[PDB]
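Next comes start.cif, a file with mmCIF, C-alpha atoms and all ligand atoms.
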data_coords
#
loop_
_atom_site.group_PDB
_atom_site.id
_atom_site.type_symbol
_atom_site.label_atom_id
_atom_site.label_comp_id
_atom_site.auth_asym_id
_atom_site.auth_seq_id
_atom_site.Cartn_x
_atom_site.Cartn_y
_atom_site.Cartn_z
ATOM 1 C CA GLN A 1 -40.120 -36.485 -24.261
ATOM 2 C CA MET A 2 -38.148 -39.744 -24.244
ATOM 3 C CA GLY A 3 -36.075 -38.668 -21.243
ATOM 4 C CA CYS A 4 -32.679 -39.959 -22.379
ATOM 5 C CA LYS A 5 -29.289 -38.654 -21.292
ATOM 6 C CA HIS A 6 -26.385 -37.980 -23.641
ATOM 7 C CA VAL A 7 -23.255 -40.099 -23.931
ATOM 8 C CA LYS A 8 -20.496 -38.688 -21.742
ATOM 9 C CA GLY A 9 -17.272 -39.870 -23.390
ATOM 10 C CA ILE A 10 -15.496 -42.163 -25.828
ATOM 11 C CA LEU A 11 -12.140 -43.917 -26.183
ATOM 12 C CA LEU A 12 -9.929 -44.143 -29.277
ATOM 13 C CA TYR A 13 -7.077 -46.640 -29.560
ATOM 14 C CA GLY A 14 -4.617 -47.605 -32.267
ATOM 15 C CA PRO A 15 -1.041 -47.183 -33.503
ATOM 16 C CA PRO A 16 0.558 -43.745 -33.107
ATOM 17 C CA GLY A 17 0.353 -41.192 -35.886
ATOM 18 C CA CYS A 18 -2.833 -42.570 -37.472
ATOM 19 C CA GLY A 19 -4.979 -39.459 -36.962
ATOM 20 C CA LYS A 20 -6.758 -39.604 -33.602
ATOM 21 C CA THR A 21 -6.304 -35.977 -32.537
ATOM 22 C CA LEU A 22 -7.563 -34.853 -35.950
ATOM 23 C CA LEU A 23 -10.750 -36.876 -35.485
ATOM 24 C CA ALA A 24 -11.249 -35.578 -31.940
ATOM 25 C CA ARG A 25 -10.829 -31.947 -33.009
ATOM 26 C CA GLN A 26 -13.157 -32.415 -35.981
ATOM 27 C CA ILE A 27 -15.846 -33.972 -33.773
ATOM 28 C CA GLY A 28 -15.516 -31.059 -31.369
ATOM 29 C CA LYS A 29 -15.692 -28.460 -34.136
ATOM 30 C CA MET A 30 -18.744 -30.082 -35.876
ATOM 31 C CA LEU A 31 -21.046 -29.871 -32.805
ATOM 32 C CA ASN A 32 -20.516 -26.091 -32.433
ATOM 33 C CA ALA A 33 -18.629 -26.631 -29.180
ATOM 34 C CA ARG A 34 -16.182 -24.222 -27.585
ATOM 35 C CA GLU A 35 -12.435 -24.468 -28.067
ATOM 36 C CA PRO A 36 -11.345 -27.862 -26.672
ATOM 37 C CA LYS A 37 -8.808 -28.245 -23.880
ATOM 38 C CA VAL A 38 -5.998 -30.607 -24.913
ATOM 39 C CA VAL A 39 -4.003 -32.270 -22.131
ATOM 40 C CA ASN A 40 -1.046 -34.646 -21.906
ATOM 41 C CA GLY A 41 -0.925 -37.426 -19.336
ATOM 42 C CA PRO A 42 2.760 -37.394 -18.372
ATOM 43 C CA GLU A 43 2.748 -33.595 -17.942
ATOM 44 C CA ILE A 44 0.140 -33.606 -15.153
ATOM 45 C CA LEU A 45 2.253 -35.450 -12.570
ATOM 46 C CA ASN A 46 4.030 -33.477 -9.848
ATOM 47 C CA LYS A 47 6.113 -34.211 -6.755
ATOM 48 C CA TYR A 48 4.193 -32.105 -4.216
ATOM 49 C CA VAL A 49 1.164 -33.329 -2.287
ATOM 50 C CA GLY A 50 -2.133 -32.316 -3.850
ATOM 51 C CA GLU A 51 -0.753 -30.868 -7.101
ATOM 52 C CA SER A 52 -1.676 -33.512 -9.689
ATOM 53 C CA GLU A 53 -5.193 -33.632 -8.248
ATOM 54 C CA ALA A 54 -5.446 -29.847 -8.570
ATOM 55 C CA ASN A 55 -4.405 -30.043 -12.226
ATOM 56 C CA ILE A 56 -7.025 -32.729 -12.885
ATOM 57 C CA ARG A 57 -9.654 -30.693 -11.020
ATOM 58 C CA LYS A 58 -8.966 -27.362 -12.744
ATOM 59 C CA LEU A 59 -10.307 -28.537 -16.130
ATOM 60 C CA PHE A 60 -14.006 -28.649 -15.128
ATOM 61 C CA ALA A 61 -14.336 -25.205 -13.511
ATOM 62 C CA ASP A 62 -15.612 -23.401 -16.614
ATOM 63 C CA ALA A 63 -18.293 -26.012 -17.279
ATOM 64 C CA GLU A 64 -19.327 -26.036 -13.620
ATOM 65 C CA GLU A 65 -19.704 -22.256 -13.451
ATOM 66 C CA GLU A 66 -21.511 -22.023 -16.791
ATOM 67 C CA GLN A 67 -24.035 -24.673 -15.760
ATOM 68 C CA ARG A 68 -24.563 -23.071 -12.347
ATOM 69 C CA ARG A 69 -25.288 -19.777 -14.116
ATOM 70 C CA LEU A 70 -27.297 -20.647 -17.241
ATOM 71 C CA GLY A 71 -28.852 -23.900 -16.027
ATOM 72 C CA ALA A 72 -30.016 -26.101 -18.896
ATOM 73 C CA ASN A 73 -29.383 -23.593 -21.724
ATOM 74 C CA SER A 74 -25.572 -23.683 -21.633
ATOM 75 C CA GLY A 75 -23.092 -24.558 -24.370
ATOM 76 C CA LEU A 76 -20.999 -27.680 -24.861
ATOM 77 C CA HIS A 77 -17.509 -28.075 -23.385
ATOM 78 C CA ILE A 78 -14.959 -30.643 -24.567
ATOM 79 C CA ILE A 79 -11.903 -32.093 -22.813
ATOM 80 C CA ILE A 80 -9.291 -34.171 -24.657
ATOM 81 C CA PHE A 81 -6.933 -36.508 -22.789
ATOM 82 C CA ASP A 82 -3.817 -37.708 -24.617
ATOM 83 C CA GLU A 83 -1.909 -40.763 -23.372
ATOM 84 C CA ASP B 1 7.420 -41.411 -1.391
ATOM 85 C CA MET B 2 8.284 -38.231 -3.314
ATOM 86 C CA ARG B 3 5.726 -36.230 -1.321
ATOM 87 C CA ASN B 4 7.289 -32.899 -0.360
ATOM 88 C CA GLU B 5 5.906 -30.109 1.893
ATOM 89 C CA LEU B 6 7.038 -26.447 2.290
ATOM 90 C CA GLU B 7 7.035 -23.544 4.728
ATOM 91 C CA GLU B 8 6.544 -19.858 3.995
ATOM 92 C CA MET B 9 8.452 -16.640 4.646
ATOM 93 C CA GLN B 10 7.000 -13.132 4.607
ATOM 94 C CA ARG B 11 8.200 -9.682 3.561
ATOM 95 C CA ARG B 12 6.689 -6.289 4.384
ATOM 96 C CA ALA B 13 6.099 -3.769 1.611
ATOM 97 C CA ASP B 14 7.517 -0.354 2.445
ATOM 98 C CA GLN B 15 5.143 1.820 4.453
ATOM 99 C CA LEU B 16 3.394 4.785 2.844
ATOM 100 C CA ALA B 17 6.114 7.503 2.667
ATOM 101 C CA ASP B 18 9.355 8.548 0.860
ATOM 102 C CA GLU B 19 7.129 10.993 -0.991
ATOM 103 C CA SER B 20 6.020 12.720 2.245
ATOM 104 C CA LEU B 21 9.376 14.419 2.888
ATOM 105 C CA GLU B 22 9.941 16.702 -0.123
ATOM 106 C CA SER B 23 6.538 18.211 -0.826
ATOM 107 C CA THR B 24 5.857 18.006 2.925
ATOM 108 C CA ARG B 25 8.676 20.405 3.977
ATOM 109 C CA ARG B 26 7.714 22.885 1.256
ATOM 110 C CA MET B 27 4.078 22.637 2.352
ATOM 111 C CA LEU B 28 5.047 23.384 5.959
ATOM 112 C CA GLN B 29 7.216 26.352 4.964
ATOM 113 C CA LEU B 30 4.429 27.823 2.830
ATOM 114 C CA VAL B 31 1.945 27.290 5.674
ATOM 115 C CA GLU B 32 4.251 29.155 8.060
ATOM 116 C CA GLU B 33 4.601 32.057 5.627
ATOM 117 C CA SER B 34 0.825 32.224 5.147
ATOM 118 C CA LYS B 35 0.352 32.240 8.926
ATOM 119 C CA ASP B 36 2.749 35.174 9.280
ATOM 120 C CA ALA B 37 0.964 37.056 6.492
ATOM 121 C CA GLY B 38 -2.383 36.422 8.176
ATOM 122 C CA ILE B 39 -1.088 37.765 11.488
ATOM 123 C CA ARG B 40 0.157 40.919 9.765
ATOM 124 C CA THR B 41 -3.207 41.338 8.030
ATOM 125 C CA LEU B 42 -4.950 40.949 11.396
ATOM 126 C CA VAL B 43 -2.866 43.750 12.901
ATOM 127 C CA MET B 44 -3.374 46.088 9.946
ATOM 128 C CA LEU B 45 -7.129 45.454 9.871
ATOM 129 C CA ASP B 46 -7.477 46.210 13.583
ATOM 130 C CA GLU B 47 -5.566 49.468 13.122
ATOM 131 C CA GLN B 48 -7.788 50.450 10.184
ATOM 132 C CA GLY B 49 -10.933 49.731 12.195
ATOM 133 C CA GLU B 50 -9.672 51.899 15.044
ATOM 134 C CA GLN B 51 -8.944 54.735 12.618
ATOM 135 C CA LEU B 52 -12.425 54.519 11.069
ATOM 136 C CA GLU B 53 -13.997 54.608 14.532
ATOM 137 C CA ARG B 54 -11.912 57.706 15.262
ATOM 138 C CA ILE B 55 -13.106 59.362 12.038
ATOM 139 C CA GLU B 56 -16.774 58.768 12.901
ATOM 140 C CA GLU B 57 -16.808 61.155 15.873
ATOM 141 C CA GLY B 58 -15.309 64.065 13.950
ATOM 142 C CA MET B 59 -17.783 63.427 11.138
ATOM 143 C CA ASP B 60 -20.741 63.590 13.524
ATOM 144 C CA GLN B 61 -19.393 66.690 15.272
ATOM 145 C CA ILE B 62 -18.920 68.611 12.019
ATOM 146 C CA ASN B 63 -22.420 67.644 10.873
ATOM 147 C CA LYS B 64 -23.957 68.888 14.124
ATOM 148 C CA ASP B 65 -21.934 72.115 14.091
ATOM 149 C CA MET B 66 -22.892 72.979 10.518
ATOM 150 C CA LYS B 67 -26.578 72.227 11.113
ATOM 151 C CA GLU B 68 -26.688 74.368 14.256
ATOM 152 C CA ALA B 69 -24.848 77.243 12.567
ATOM 153 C CA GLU B 70 -27.201 77.177 9.577
ATOM 154 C CA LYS B 71 -30.285 77.140 11.805
ATOM 155 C CA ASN B 72 -28.955 80.027 13.904
ATOM 156 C CA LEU B 73 -28.107 82.123 10.845
ATOM 157 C CA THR B 74 -31.547 81.496 9.350
ATOM 158 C CA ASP B 75 -33.231 82.433 12.635
ATOM 159 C CA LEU B 76 -31.317 85.713 12.918
ATOM 160 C CA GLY B 77 -31.807 86.552 9.240
ATOM 161 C CA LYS B 78 -35.606 86.564 9.319
HETATM 162 N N1 LIG C 101 -6.335 -39.798 -42.019
HETATM 163 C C1 LIG C 101 -5.512 -38.773 -42.206
HETATM 164 N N2 LIG C 101 -5.741 -37.932 -43.237
HETATM 165 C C2 LIG C 101 -4.908 -36.905 -43.418
HETATM 166 N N3 LIG C 101 -3.840 -36.555 -42.713
HETATM 167 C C3 LIG C 101 -3.640 -37.404 -41.696
HETATM 168 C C4 LIG C 101 -4.406 -38.503 -41.389
HETATM 169 N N4 LIG C 101 -3.900 -39.148 -40.276
HETATM 170 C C5 LIG C 101 -2.854 -38.442 -39.941
HETATM 171 N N5 LIG C 101 -2.644 -37.365 -40.754
HETATM 172 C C6 LIG C 101 -1.559 -36.404 -40.640
HETATM 173 O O1 LIG C 101 -0.753 -36.788 -39.551
HETATM 174 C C7 LIG C 101 -0.632 -35.695 -38.613
HETATM 175 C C8 LIG C 101 -0.420 -36.242 -37.225
HETATM 176 O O2 LIG C 101 -1.512 -37.121 -36.870
HETATM 177 P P1 LIG C 101 -2.024 -37.076 -35.358
HETATM 178 O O3 LIG C 101 -3.352 -36.413 -35.305
HETATM 179 O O4 LIG C 101 -0.937 -36.527 -34.508
HETATM 180 O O5 LIG C 101 -2.199 -38.612 -34.967
HETATM 181 P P2 LIG C 101 -2.188 -39.378 -33.554
HETATM 182 O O6 LIG C 101 -3.175 -38.685 -32.689
HETATM 183 O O7 LIG C 101 -2.581 -40.776 -33.848
HETATM 184 O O8 LIG C 101 -0.802 -39.285 -33.014
HETATM 185 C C9 LIG C 101 -1.909 -34.892 -38.853
HETATM 186 O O9 LIG C 101 -1.776 -33.544 -38.429
HETATM 187 C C10 LIG C 101 -2.012 -34.977 -40.373
HETATM 188 O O10 LIG C 101 -1.138 -34.077 -41.007
#

Can the structure in the file be given as structure tokens, please?
Ligand SMILES: Nc1ncnc2c1ncn2[C@@H]1O[C@H](COP(=O)(O)OP(=O)(O)O)[C@@H](O)[C@H]1O
Amino acid sequence: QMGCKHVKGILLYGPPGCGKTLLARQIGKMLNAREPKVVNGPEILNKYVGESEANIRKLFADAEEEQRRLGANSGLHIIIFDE
Amino acid sequence: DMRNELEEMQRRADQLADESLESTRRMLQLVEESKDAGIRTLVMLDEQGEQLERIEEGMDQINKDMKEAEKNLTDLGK
């Protein structure tokens, strides 16, 4: 009735080893979301043309297809970016 | 400027055979033998048909002869 969209992402910063991935996984598990995809920044880069972009692009395919199929009654997908 | 590009090479999977030369030869030999057997059966069947046709005429002749003889004997008897 209100017509309000949902928040699309958040950012967590702090010293290493203080429990950020734990919090992210717990948030994902609490909302009855599917298994999250965990990624690492330095491991995406590549030395061929159009390879890093493909890796970045490949993470949204499941959500895209599920929305195209089930419309507005789909589940919740979570993506976690580290570094 | 570590932007590399590549080119491609192709290989052809072996064509459909290397199993069509062991069962094949046996198949051909068996087909030849069956053809020979069929030819022999043809010849024998034609001979048998000729012999049956030959038998027919003697059969008819004996039937006619016996009927005529019986009728003649009956006619003379009475
Ligand atoms: N607040 C916390 N309570 C309990 N264990 C914690 C906490 N913070 C960190 N840990 C422990 O430290 C480990 C590593 O933390 P991690 O999630 O890798 O932190 P970060 O994302 O900041 O590197 C966790 O698996 C857990 O064993």

The PyMOL selection byres (((not hetatm)) within 7 of (chain C and resi 101)) - which residues does that actually catch in the file I just gave you? List them as a count of residues only. 8

Residues of chain B within 7 Å of chain A, using all atoms listed in the file, as number ranges by chain? B: 2-5

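Proximity to residue 25 of chain A at 9 Å, evaluated using only C-alpha atoms and with sequence-adjacent residues fewer than 5 positions away removed, yields residues 20, 30, 36 and 80 of chain A.
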
So that I can see what lies close to residue 79 of chain A, please list as a list in words the residues with an atom at most 10 Å from it, counting all atoms listed in the file and leaving out residues fewer than 5 positions away in the same chain.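 Final neighbour list, sorted by chain and number: residues 9, 24, 28, 35, 36, 37, 38, 39, 59 and 60 of chain A.
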
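Here atom CA of residue 43 of chain A stands at a distance of 23.7 Å from atom CA of residue 64 of chain A.
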
Could you tell me how far atom CA of residue 4 of chain A sits from atom CA of residue 34 of chain A, in Å to one decimal place?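 Computed distance, atom CA of residue 34 of chain A to atom CA of residue 4 of chain A, equals 23.4 Å.
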
Could you work out how far atom CA of residue 67 of chain A lies from atom CA of residue 1 of chain A, giving the answer in Å with one decimal? 21.7 Å
